[PDB]
Protein chains: 6
Amino acid sequence: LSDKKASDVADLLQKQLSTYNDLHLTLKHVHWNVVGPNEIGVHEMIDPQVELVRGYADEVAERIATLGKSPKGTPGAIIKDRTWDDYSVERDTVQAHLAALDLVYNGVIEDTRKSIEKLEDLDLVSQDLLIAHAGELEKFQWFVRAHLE
Amino acid sequence: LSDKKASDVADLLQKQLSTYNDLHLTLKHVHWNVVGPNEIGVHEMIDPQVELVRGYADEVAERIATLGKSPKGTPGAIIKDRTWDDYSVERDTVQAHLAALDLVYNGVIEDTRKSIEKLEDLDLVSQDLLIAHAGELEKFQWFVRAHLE
Amino acid sequence: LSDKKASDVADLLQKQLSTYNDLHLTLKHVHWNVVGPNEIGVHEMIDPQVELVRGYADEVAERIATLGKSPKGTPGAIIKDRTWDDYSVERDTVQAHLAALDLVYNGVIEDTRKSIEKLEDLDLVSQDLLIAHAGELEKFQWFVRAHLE
Amino acid sequence: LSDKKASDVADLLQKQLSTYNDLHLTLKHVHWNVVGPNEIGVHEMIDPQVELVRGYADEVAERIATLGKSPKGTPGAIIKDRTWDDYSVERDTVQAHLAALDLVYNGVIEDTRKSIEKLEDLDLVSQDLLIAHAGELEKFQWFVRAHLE
Amino acid sequence: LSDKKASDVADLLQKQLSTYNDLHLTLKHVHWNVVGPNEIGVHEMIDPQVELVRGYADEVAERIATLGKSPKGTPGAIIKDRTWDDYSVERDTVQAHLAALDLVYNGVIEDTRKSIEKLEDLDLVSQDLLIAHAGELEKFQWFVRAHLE
Amino acid sequence: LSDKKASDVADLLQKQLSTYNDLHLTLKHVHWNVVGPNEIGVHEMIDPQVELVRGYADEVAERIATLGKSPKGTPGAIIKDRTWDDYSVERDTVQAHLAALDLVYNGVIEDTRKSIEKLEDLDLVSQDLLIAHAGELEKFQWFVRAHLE
Ligand SMILES: [Fe+2]
Ligand SMILES: [Fe+2]
Ligand SMILES: [Fe+2]
Ligand SMILES: [Fe+2]
Ligand SMILES: [Fe+2]
Ligand SMILES: [Fe+2]
C-alpha cells in the first residue's frame, strides 16, 4: 500500500504495542502487591486480563511485521512512547491499587481511542483491530470500577 | 530478620526483578522479529525461555513480598535499575539478533553473578534462589551461542 | 569426613531437629484451638504446614543418621535444645494465636538462620538443606502475617 | 454438665493428650534409629502405630474442646504431665530399642488404665474413649514383645 | 565470565567428571562380582546408584560445555585425574566388596568436598551442583555401611 | 572344562570386556562434545550404540563369571589391556569426531576379530558370542562412515 501512511500507521501501532507492554507489566505489578487472603477476588480478576493484554501486543506486533516494519517492545521503547505517569500508589491497599489501575485504563482507553481516530483515514484494517481491543479494555475497566464501589 | 539488610536485600532483588522483566520483554522482542520460515528453529527456542524468565520474576517478586517490601515491575523501574544498553541490532537477521541476545545474556548473567556475591553475607536464602536462576540462564546462553556457530 | 566437625554439625542439626518437632507440636496445638466456623481459613492454612514441617524433621533426622550419629526427637531433647519461650496465648482467639504463631516463626527462622551461618565453614551440604527449609518457613510466616492484617 | 468434674475430666484428658504426643514423638524417635536393612520388619511395624497414636491425640484434643477447655500439646505441657523417664537406650540395636519401647508402652498403658479408673465416676463417655485406645495400645505392645522374643 | 577462573573451574569439574566415570565403572565392577543368590539385596542396591552416578557425570559434562570447554571422559583422563588407588579386593565376598566400595566413597566424597571448597570463591553455581551430588553420594555410602554392619 | 584354556579364554574375554568399557566411555565422550543444533543427527546416532555396547560388556562380564573367574572393568584394567591410542581430536567439529570414532571402531573391530581367531581352538561358545558383537559393531561403523561422506 502507501509507503508514507505505512510509516504513519506503523508508528501509531508501535505506540499501541508499547501501551500494551506497559499495561501488562503494570498488571503484573498490581498483581504482585495485591496478593492477599481477603484480596483473592482481585488476584484472580487480574490473571485473565494479563494474558489477554499480552495477546493484544502479539496481534499488534504481528500486524506491524505484516506492514513491513519491525516491532519494538524493548523497555526503552515503552517509556519513550508512553503518555501518562508511572504507576504510583498513595497507599498499599486493595482499593488504592484498584483506583490506580482504573486511571491507567483511562489512560490506555484514551490513547487507543486516539489511535483509532487517527487511523480512520489511514488504515481501516488496523483500526478494526484496535476497535476490538477497546471494547474489551473498556469492559475490564468496568470490572475494576465495580469493585471500588 | 535484620531491618537494614532486609532493605539491602530487597533492593538487590528489586534490581533482579527488573533484570528479568527487561529480559523477557527483550525475549518477546527478539521473538517478534525473528519469526520467519527458515528461522523456525529459533522462534521455538525463545518460547520456553520467555515462560521460564517470567517465572523467575514471579519467584523474585514473591520473595520480595515475603521480606516485607513491595515489588516493582513497572516500566520506569526497569530503565532506572537497568545496567546495560537497550537492545539494538545492527541488522535484521537471525544471526544479528542471536548475537545481540548473546550479549544481553552476558549482561544478565554478570549482574546476577554480582547480586549473588553481594548476597553472600546478606541473605543466603535469596542467594540460593539466584544461584538456581543463573545455572539455567547460563544454560540458555549456551544454546544461543551454539546457534551463532 | 572430619570427626570433630561431624560432632559439631550433628549437634547443630540435632538442635534443628528439635526446632522442628517443637514447631509441629506447636502447629498441631494452634490447630486444635483455632478450629471454628469463621476460622476455617486458618484451620486449613495450618494443615499443609504441619505435614511439611514433619517432613523437614525427617530430612534432618535422616541427615544426622547419615553422618553417623543417632537422632533424638524425644520430648526431653526438645525443651533442652529449645531457645525461646513456650507457646503462651494472651487470649483464645484467631488473631491472638496467629500473632503468637508469627512470633514462634520469628524464633524458628532466627535459629535456622543461625545454624546456617554456623555451618558456612562446617558443612555446606547440611547448610543447603537448611537454606531450603528457611525459604519455605519464611514463606509460611508471610501467610500468617498477611492474615493478622 | 458439672463445672468441677469437667475441670477434673479435662485435666485427666489433658494428661492423656500429653501421653500421646510423648508416645508418638518417641515412636518417631525409635523409628529414626532403627532404620536398617535387616530391621525392615520393624521400621514398617512402627509406621502404622505412629499414625494411629497421632489419631488418638486428635480424638482426645477434640474431646477436650468439646468439654469447653482448650487442648495443650506444646512441648512444655508434655514434660510437665509426663510420668515416667525419657526414652534412654543402653545400646543402639533393634532389640534394645524394642525392649525400651516395650517399657514405654508399659508406662502408657498403666497411666491410661489409671485415667480410665479415675473416670469411672466422673465421665463414662471420655472413659469409653480411653478404653478403646487401651485395647489397641495393649495390642501393639504385644507385637513389640513378640519381636523381642 | 572470567576467562582464568573459567579455566580453573573447568579443570575442577573435569576432575569431578572423571571421579564419576571412575565411580560408575567401579560400581558396575562391584555389581558384576557380587551377583549371587544370597547377595540379591546388594545387586539391587547398586543398580539405582549406577544410573544416578552416570546422571551426575552428564550434568557435569553439560556444565563444562556450558562454560565453553569440552568434556573429557576418556579412560586416559580418568587415571590421570584419579586420586586414590584402584579397586582392589582382599577377598571375593559380599562384605569385602562392600567394605571396598565404602572406601571408594570415602575417596569420592572427600574429593568432592574439596572441589566444593575450592569453588567457594570461583563459581557458586557449579558449587551448588556439586553440593547436591554430595548429599546423595554421602547418602548412598550410609546404605553400604549399614550393610557391612 | 579345561583349567588352562579357561584361563586363556578368561584373559581374552577380560580384554574384550575392557575394549567395551573403553568404547562406551569413548562413545559417551564423543556424545558430550558433539551435542549441537545441526549435529542432532549424530547425537541421536550415538545414543543406541552406547546402550548396545554397555550391553555387550554385561554379556562378556557374565560370561567370565560363568567360566569361574571374576570380571574386571575398573579404569586401571582398561588402560592396561587397551591396545590403541586414547581418543584425540585434531579439531572440535562433527566430522573430526566422526573420523576419530571411525578409527576407534577400526581398533575395536580388529581386536575383536583377533580374539575371535584366538578362540577358534579354545572356546567356540565364547567365540560365537564375539562373532555376534562384531556384526553389529561393524554395522555401526558403516553408519559413522556414511556420515563422514
Ligand atoms: Fe469487526
Ligand atoms: Fe557460601
Ligand atoms: Fe540448592
Ligand atoms: Fe462401669
Ligand atoms: Fe547453596
Ligand atoms: Fe558359529
# chains A, B, ... in the order shown; residues from 1 in each chain; ligands from 1

$ residues_around --residues "residue 129 (chain A)" --least-positions-apart "2" --cutoff "10 Å" --atoms "only C-alpha atoms" --output "list in words"
residues 56, 59, 60, 63, 116, 124, 125, 126, 127, 131, 132, 133 and 134 of chain A

$ residues_around --residues "residue 79 (chain F)" --least-positions-apart "4" --cutoff "9 Å" --atoms "only C-alpha atoms" --output "ChimeraX atom specification"
/E:75-76,79 /F:18,22,75,83

$ closest_residue --among "C:94, C:23, C:130, C:46" --to "ligand 3" --atoms "only C-alpha atoms and all ligand atoms"
C:130

$ interface_residues --of "chain C" --to "chain B" --cutoff "10 Å" --atoms "only C-alpha atoms" --output "JSON, numbers by chain"
{"C": [106, 109, 110, 113, 116, 117, 120, 127, 128, 130, 131, 132, 133, 134, 135, 136, 138, 139, 140, 141, 142, 143, 145, 146]}

$ atom_distance --atom1 "CA of residue 149 (chain B)" --atom2 "CA of residue 98 (chain B)"
10.3 Å

$ residues_around --residues "region 88-90 of chain F" --least-positions-apart "3" --cutoff "12 Å" --atoms "only C-alpha atoms" --output "list in words"
residues 70, 72, 73, 74, 75, 76 and 77 of chain E; 26, 29, 30, 33, 34, 84, 85, 93, 94, 95, 96, 97, 98, 99, 100, 101, 102, 103 and 104 of chain F

$ write_last_selection --atoms "C-alpha atoms" --output "short mmCIF file (atom, residue, chain, number, x, y, z; two decimals), in the first residue's frame"
data_model
loop_
_atom_site.label_atom_id
_atom_site.label_comp_id
_atom_site.auth_asym_id
_atom_site.auth_seq_id
_atom_site.Cartn_x
_atom_site.Cartn_y
_atom_site.Cartn_z
CA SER E 70 34.98 -29.60 26.09
CA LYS E 72 36.75 -35.41 28.63
CA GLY E 73 35.65 -38.77 29.90
CA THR E 74 38.08 -40.97 28.01
CA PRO E 75 39.82 -43.69 30.07
CA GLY E 76 43.19 -41.91 29.95
CA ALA E 77 41.60 -38.83 31.51
CA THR F 26 34.58 -43.01 24.39
CA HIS F 29 32.76 -38.72 25.33
CA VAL F 30 32.10 -38.09 21.65
CA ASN F 33 31.22 -32.84 22.52
CA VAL F 34 29.03 -33.31 19.50
CA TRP F 84 45.32 -48.40 20.54
CA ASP F 85 45.76 -44.68 21.39
CA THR F 93 33.84 -30.49 14.87
CA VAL F 94 31.26 -33.07 13.93
CA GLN F 95 33.35 -34.63 11.13
CA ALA F 96 36.59 -34.72 13.12
CA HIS F 97 34.89 -36.62 15.91
CA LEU F 98 33.21 -38.96 13.42
CA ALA F 99 36.50 -39.60 11.67
CA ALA F 100 38.10 -40.19 15.08
CA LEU F 101 35.27 -42.54 16.12
CA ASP F 102 35.64 -44.35 12.79
CA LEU F 103 39.24 -45.20 13.72
CA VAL F 104 38.38 -46.31 17.26
#

$ atom_distance --atom1 "CA of residue 19 (chain B)" --atom2 "atom 1 (Fe, counted along the ligand's line) of ligand 5"
21.5 Å

$ atom_distance --atom1 "CA of residue 108 (chain F)" --atom2 "CA of residue 11 (chain F)"
16.5 Å

$ residues_around --residues "residue 24 (chain F)" --least-positions-apart "6" --cutoff "8 Å" --atoms "only C-alpha atoms" --output "NGL selection string"
:F and (50 or 53-54)

$ write_last_selection --atoms "N, CA and C atoms" --output "PDB file, in the first residue's frame"
ATOM      1  N   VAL F  50      25.690 -46.560  22.513  1.00  0.00           N
ATOM      2  CA  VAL F  50      26.103 -46.573  23.921  1.00  0.00           C
ATOM      3  C   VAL F  50      25.433 -47.668  24.707  1.00  0.00           C
ATOM      4  N   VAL F  53      26.525 -51.186  23.488  1.00  0.00           N
ATOM      5  CA  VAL F  53      27.867 -51.577  23.926  1.00  0.00           C
ATOM      6  C   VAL F  53      27.895 -51.960  25.417  1.00  0.00           C
ATOM      7  N   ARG F  54      27.336 -51.103  26.264  1.00  0.00           N
ATOM      8  CA  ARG F  54      27.191 -51.434  27.681  1.00  0.00           C
ATOM      9  C   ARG F  54      26.571 -52.804  27.868  1.00  0.00           C
TER      10      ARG F  54
END

$ select_by_dssp --residues "chain A" --states "alpha helix (DSSP H)" --output "PyMOL selection string"
chain A and resi 5-33+40-67+75-81+94-119+124-148

$ residues_around --residues "residue 10 (chain C)" --least-positions-apart "3" --cutoff "8 Å" --atoms "only C-alpha atoms" --output "ChimeraX atom specification"
/C:6-7,13-14,64,67,69

$ decode --residues "region 106-147 of chain D" --atoms "N, CA and C atoms" --output "mmCIF file, in the first residue's frame"
data_model
loop_
_atom_site.group_PDB
_atom_site.id
_atom_site.type_symbol
_atom_site.label_atom_id
_atom_site.label_comp_id
_atom_site.auth_asym_id
_atom_site.auth_seq_id
_atom_site.Cartn_x
_atom_site.Cartn_y
_atom_site.Cartn_z
ATOM 1 N N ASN D 106 4.367 -50.099 78.574
ATOM 2 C CA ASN D 106 4.001 -50.377 79.981
ATOM 3 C C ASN D 106 3.622 -49.091 80.687
ATOM 4 N N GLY D 107 4.436 -48.059 80.503
ATOM 5 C CA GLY D 107 4.133 -46.738 81.050
ATOM 6 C C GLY D 107 2.828 -46.165 80.538
ATOM 7 N N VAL D 108 2.645 -46.189 79.220
ATOM 8 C CA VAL D 108 1.466 -45.576 78.634
ATOM 9 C C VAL D 108 0.219 -46.343 79.043
ATOM 10 N N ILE D 109 0.276 -47.668 78.931
ATOM 11 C CA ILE D 109 -0.895 -48.483 79.218
ATOM 12 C C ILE D 109 -1.305 -48.303 80.671
ATOM 13 N N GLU D 110 -0.321 -48.192 81.579
ATOM 14 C CA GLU D 110 -0.593 -48.072 83.011
ATOM 15 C C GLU D 110 -1.279 -46.732 83.333
ATOM 16 N N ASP D 111 -0.740 -45.619 82.843
ATOM 17 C CA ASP D 111 -1.380 -44.320 83.071
ATOM 18 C C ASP D 111 -2.786 -44.237 82.449
ATOM 19 N N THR D 112 -2.970 -44.902 81.313
ATOM 20 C CA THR D 112 -4.265 -44.931 80.673
ATOM 21 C C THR D 112 -5.244 -45.699 81.529
ATOM 22 N N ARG D 113 -4.847 -46.916 81.914
ATOM 23 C CA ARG D 113 -5.648 -47.716 82.848
ATOM 24 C C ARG D 113 -6.020 -46.865 84.080
ATOM 25 N N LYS D 114 -5.101 -46.017 84.543
ATOM 26 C CA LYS D 114 -5.388 -45.125 85.657
ATOM 27 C C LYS D 114 -6.461 -44.094 85.298
ATOM 28 N N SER D 115 -6.250 -43.319 84.229
ATOM 29 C CA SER D 115 -7.237 -42.316 83.837
ATOM 30 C C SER D 115 -8.601 -42.974 83.667
ATOM 31 N N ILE D 116 -8.627 -44.211 83.162
ATOM 32 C CA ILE D 116 -9.890 -44.937 82.983
ATOM 33 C C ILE D 116 -10.568 -45.178 84.323
ATOM 34 N N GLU D 117 -9.789 -45.553 85.339
ATOM 35 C CA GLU D 117 -10.365 -45.842 86.654
ATOM 36 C C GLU D 117 -10.854 -44.566 87.304
ATOM 37 N N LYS D 118 -10.069 -43.506 87.173
ATOM 38 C CA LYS D 118 -10.428 -42.216 87.714
ATOM 39 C C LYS D 118 -11.692 -41.643 87.081
ATOM 40 N N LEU D 119 -11.894 -41.961 85.823
ATOM 41 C CA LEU D 119 -13.069 -41.508 85.103
ATOM 42 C C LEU D 119 -14.324 -42.343 85.360
ATOM 43 N N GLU D 120 -14.205 -43.497 86.028
ATOM 44 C CA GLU D 120 -15.359 -44.364 86.291
ATOM 45 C C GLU D 120 -16.537 -43.605 86.929
ATOM 46 N N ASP D 121 -16.235 -42.671 87.829
ATOM 47 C CA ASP D 121 -17.279 -41.880 88.494
ATOM 48 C C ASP D 121 -17.464 -40.527 87.859
ATOM 49 N N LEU D 122 -16.525 -40.088 87.037
ATOM 50 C CA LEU D 122 -16.515 -38.712 86.503
ATOM 51 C C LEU D 122 -17.225 -38.577 85.144
ATOM 52 N N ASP D 123 -16.845 -39.391 84.159
ATOM 53 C CA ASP D 123 -17.330 -39.227 82.789
ATOM 54 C C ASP D 123 -17.155 -40.526 82.001
ATOM 55 N N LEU D 124 -18.206 -41.354 81.977
ATOM 56 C CA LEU D 124 -18.171 -42.613 81.253
ATOM 57 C C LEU D 124 -18.006 -42.474 79.743
ATOM 58 N N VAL D 125 -18.392 -41.333 79.176
ATOM 59 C CA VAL D 125 -18.112 -41.068 77.754
ATOM 60 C C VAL D 125 -16.607 -41.056 77.538
ATOM 61 N N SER D 126 -15.926 -40.085 78.148
ATOM 62 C CA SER D 126 -14.485 -39.985 77.998
ATOM 63 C C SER D 126 -13.784 -41.269 78.383
ATOM 64 N N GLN D 127 -14.387 -42.047 79.285
ATOM 65 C CA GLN D 127 -13.849 -43.347 79.675
ATOM 66 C C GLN D 127 -13.832 -44.284 78.487
ATOM 67 N N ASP D 128 -15.002 -44.484 77.904
ATOM 68 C CA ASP D 128 -15.136 -45.403 76.746
ATOM 69 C C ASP D 128 -14.172 -45.017 75.619
ATOM 70 N N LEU D 129 -13.991 -43.723 75.401
ATOM 71 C CA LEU D 129 -12.925 -43.249 74.511
ATOM 72 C C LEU D 129 -11.561 -43.826 74.878
ATOM 73 N N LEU D 130 -11.226 -43.810 76.153
ATOM 74 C CA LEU D 130 -9.898 -44.277 76.560
ATOM 75 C C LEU D 130 -9.814 -45.803 76.611
ATOM 76 N N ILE D 131 -10.921 -46.458 76.987
ATOM 77 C CA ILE D 131 -10.957 -47.915 76.975
ATOM 78 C C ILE D 131 -10.607 -48.439 75.555
ATOM 79 N N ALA D 132 -11.183 -47.782 74.554
ATOM 80 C CA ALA D 132 -10.928 -48.129 73.153
ATOM 81 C C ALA D 132 -9.447 -48.051 72.809
ATOM 82 N N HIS D 133 -8.844 -46.905 73.091
ATOM 83 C CA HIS D 133 -7.394 -46.733 72.875
ATOM 84 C C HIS D 133 -6.548 -47.833 73.550
ATOM 85 N N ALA D 134 -6.949 -48.223 74.732
ATOM 86 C CA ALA D 134 -6.144 -49.139 75.508
ATOM 87 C C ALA D 134 -6.054 -50.478 74.845
ATOM 88 N N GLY D 135 -7.197 -50.986 74.361
ATOM 89 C CA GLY D 135 -7.234 -52.272 73.649
ATOM 90 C C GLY D 135 -6.198 -52.352 72.545
ATOM 91 N N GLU D 136 -6.048 -51.243 71.816
ATOM 92 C CA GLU D 136 -5.159 -51.197 70.683
ATOM 93 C C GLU D 136 -3.730 -50.980 71.083
ATOM 94 N N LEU D 137 -3.509 -50.032 71.991
ATOM 95 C CA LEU D 137 -2.160 -49.836 72.601
ATOM 96 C C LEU D 137 -1.606 -51.140 73.213
ATOM 97 N N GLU D 138 -2.462 -51.825 73.965
ATOM 98 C CA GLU D 138 -2.100 -53.103 74.593
ATOM 99 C C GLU D 138 -1.828 -54.095 73.507
ATOM 100 N N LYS D 139 -2.532 -53.927 72.389
ATOM 101 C CA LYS D 139 -2.366 -54.822 71.225
ATOM 102 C C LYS D 139 -1.015 -54.616 70.566
ATOM 103 N N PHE D 140 -0.697 -53.378 70.297
ATOM 104 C CA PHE D 140 0.614 -53.055 69.738
ATOM 105 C C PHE D 140 1.759 -53.479 70.602
ATOM 106 N N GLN D 141 1.600 -53.400 71.919
ATOM 107 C CA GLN D 141 2.688 -53.796 72.819
ATOM 108 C C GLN D 141 2.999 -55.269 72.603
ATOM 109 N N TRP D 142 1.946 -56.060 72.456
ATOM 110 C CA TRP D 142 2.114 -57.475 72.173
ATOM 111 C C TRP D 142 3.006 -57.708 70.955
ATOM 112 N N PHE D 143 2.743 -56.980 69.886
ATOM 113 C CA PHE D 143 3.518 -57.062 68.695
ATOM 114 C C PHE D 143 5.024 -56.732 68.929
ATOM 115 N N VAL D 144 5.333 -55.788 69.807
ATOM 116 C CA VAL D 144 6.706 -55.452 70.148
ATOM 117 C C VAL D 144 7.333 -56.595 70.943
ATOM 118 N N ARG D 145 6.607 -57.081 71.953
ATOM 119 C CA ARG D 145 7.097 -58.190 72.766
ATOM 120 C C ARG D 145 7.397 -59.408 71.916
ATOM 121 N N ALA D 146 6.466 -59.763 71.042
ATOM 122 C CA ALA D 146 6.634 -60.952 70.219
ATOM 123 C C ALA D 146 7.867 -60.875 69.305
ATOM 124 N N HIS D 147 8.398 -59.672 69.102
ATOM 125 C CA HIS D 147 9.622 -59.483 68.335
ATOM 126 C C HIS D 147 10.886 -59.727 69.145
#
